[PDB]
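Let's start with one chain on its own, the form deposited in one PDB entry, as structure tokens.
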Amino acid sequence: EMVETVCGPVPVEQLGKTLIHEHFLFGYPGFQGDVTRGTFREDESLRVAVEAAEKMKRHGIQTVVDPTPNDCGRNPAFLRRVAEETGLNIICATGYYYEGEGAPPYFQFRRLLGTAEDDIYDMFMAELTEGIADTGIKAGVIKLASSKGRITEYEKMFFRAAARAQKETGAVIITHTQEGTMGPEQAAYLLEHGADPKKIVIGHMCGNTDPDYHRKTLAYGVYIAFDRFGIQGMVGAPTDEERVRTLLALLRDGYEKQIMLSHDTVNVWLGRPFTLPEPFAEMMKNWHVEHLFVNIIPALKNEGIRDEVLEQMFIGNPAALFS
């Protein structure tokens, strides 16, 4: 009946229209070391974040899952400020990034000590049931991530710890797949360790344009997310045109109750400001929190997708997921 948001427990029935995957803040591991030229401008960042939140509210969004990994600048206290200000529900995560772009040296060390998996489990349990540092904010989801073409042994420690923690807490698991790979593998591995498919979201599934890969992942009974609308050119990404074509094939096949949509936006980048070169920038020009509503949804409607299906995805699915 309840889910933990950054402002405390909230009835699942009150979540309403939800974006399953967006980042208010995000930094690549190592951004901390660039503190002198890349310092965190709090007031400006909160402005940007609050504005992003208001744009979502304007399209009827009431809830956001922000699955920023512990090692990528996750900041629950900041999230709580964004939420207090806007009345938005924000659910945060506990978890580490994938080994390739995460910060593995620390838990790799604890693996040599032979305590890693249990320490990770302990960390999950603590942040889900007690609180994150001294914020007294609890995570509402566990965040897992795998590398391209592989779930590494480092990554598997997290997967195994997450299944254990989900068995103990009933927590929702949300994943990152890298460049359209390992969806089926992720679902299978989690299920083999007793994870509950109705509590799992395989993320970045839109990274793969082959509907059979999707059906293979969907066969496990898990949710899948097309959560990178707007992202074009970078991190191996397909086009929105392909995202839509794939999504339409699935919806037409009756998979609406297993699909959620989002953009994976990064509203404030941690570390030093940067600008993409307009080979990529203009390809990435619709990567913002309104893109789904302004561009994608109308396109789906013009292809015969009905309001009931849209509602299933944005409202009914998150409610079922968290309950």
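The first residue of the sequence shown is number 1, and the count goes up from there. Heads up, when I say rigid core I mean the largest set of C-alphas that superpose within 1.5 Å between the two forms. Only residues modelled in both forms are compared.
- Mean CA temperature factor is higher for 287-295 when stretches 287-295 and 258-266 are set side by side in the entry.
- Note on 215-223 vs 91-99: mean CA B-factor is higher in 215-223.
- For the set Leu25, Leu19, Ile305, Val10, the PDB entry assigns the largest Cα B-factor to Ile305.
- For the set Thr209, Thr169, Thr177, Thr152, the PDB entry puts the maximum C-alpha B factor at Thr209.
- For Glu185, the recorded CA temperature factor ranks within the lowest third of the chain's modelled residues.
- In the deposited entry, the Cα temperature factor of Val65 places it in the lowest third of its chain's modelled residues.
- When all modelled residues of the chain are sorted by CA temperature factor, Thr86 is found within the middle third.
- Ranked against the other modelled residues of its chain, the C-alpha B-factor of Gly230 as given in the entry falls in the middle third.
- Ranked by Cα temperature factor within the chain, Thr5 sits in the middle third according to the deposited record.
Quick note: we don't show the form deposited in another entry, though the next part is all about it.
- Just one of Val235, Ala77, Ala219, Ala133 moves its Cα by 2 Å or more between this form and the one not shown on a rigid core overlay, and this residue is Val235.
- Relative to the superposed core, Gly203 shifts its CA atom by less than 2 Å between this form and the one not shown.
- After superposition on the rigid core, the Cα of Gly102 moves by 2 Å or more between this form and the one not shown.
- Relative to this form, the distance between the C-alpha atoms of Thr63 and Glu101 is increased by at least 3 angstroms in the other form.
- Relative to this conformation, a decrease of 3 Å or more in the Cα-Cα distance between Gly236 and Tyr28 is found in the other form.
- Displacement of the C-alpha atoms by 2 Å or more across three or more consecutive residues between this form and the one not shown, following core superposition, is confined to the runs 101-104, 233-236.
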